[PDB]
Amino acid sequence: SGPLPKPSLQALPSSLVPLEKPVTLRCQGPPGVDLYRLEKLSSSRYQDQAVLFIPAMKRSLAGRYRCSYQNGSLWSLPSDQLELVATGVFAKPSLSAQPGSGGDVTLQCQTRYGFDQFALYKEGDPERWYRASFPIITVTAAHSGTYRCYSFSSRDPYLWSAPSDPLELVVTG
């Protein structure tokens, strides 16, 4: 007999978690299943409950998580892997911005360490995210708003810097 459809695995309030802040991971499949199994891939340790409450985020809790449920003798396909990120592990980078060509805006996420990954975002609902393997990013048709940037290493991509101080982009003439 074949497996069941995958559950979802979600971090609330967010999967981007500052060190020392709370996060809850929740596995959710169909109503009435018999067992949920939630694991962390780095340790291959697991708990047989759908909910994991982390009162205060730690570096060692960052990384990929996955869950499956069982019903009868049958297992589900596993969830998409949740990528739990610890922020604030390293000093914050410095974010600057300049007009580019046309409506392009150049954002620079500058650091002292030798980082090779950078995530930039504009506050809002929804948030606009940009990610790059180099510290200069061109945002095409950039929107006005509040931007911040994180730096990290591709060798452990789940441990991020503190976010940069905000920069305010005013596109309106």
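We number the residues from 1 along the sequence you see.
- Looking at mean Cα B-factors across 105-113 and 41-49, the upper value is held by 105-113.
- Across the residues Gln28, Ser60, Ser133, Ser68, the deposited record lists the maximum Cα B factor for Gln28.
- Among the modelled residues of its chain, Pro78 has a C-alpha B-factor that falls in the lowest third, as given in the PDB entry.
- Annotation for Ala91: CA B-factor lies in the highest third of the chain's modelled residues.
- Among the modelled residues of its chain, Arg148 has a C-alpha B-factor that falls in the middle third, as given in the PDB entry.
- The PDB entry assigns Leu35 a C-alpha temperature factor belonging to the middle third of its chain's modelled residues.
- When the modelled residues of the chain are ordered by C-alpha B-factor, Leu12 sits in the highest third.
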